[PDB]
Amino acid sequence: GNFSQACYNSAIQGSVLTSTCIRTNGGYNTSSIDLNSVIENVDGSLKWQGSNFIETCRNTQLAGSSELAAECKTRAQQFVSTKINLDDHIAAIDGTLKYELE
């Protein structure tokens, strides 16, 4: 992960993270990744290893350099604040944002 260490002017809109990242050999590339592919809402908490958090979460924001903040519905249907560190699994690979397992 650790995309934030090579990237700049990151933004979250709905489920999409977009950033501008330093390419391996120099210069910059801009790319987007749909976080809905890899994050789920488990009882009001954003978690890795699932998908479709956006179905039941709203008001997504980038907090600081690398955190996705949102309000997600608990099983009781109460919106609650939740955050997840995108640096856990999102890498910058030659200036392009990619999900990383290992």
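Position 1 is the first residue in the sequence shown; the rest follow in order.
- As recorded in the PDB entry, 77 to 85 is the stretch of 77 to 85 and 15 to 23 with the greater mean C-alpha temperature factor.
- When the C-alpha B-factors of 27 to 35 and 57 to 65 are averaged, 57 to 65 comes out higher.
- The PDB entry assigns residue 90 a C-alpha temperature factor belonging to the lowest third of its chain's modelled residues.
- Per the PDB record, residue ranking by Cα B-factor puts residue 52 in the lowest third of the chain.
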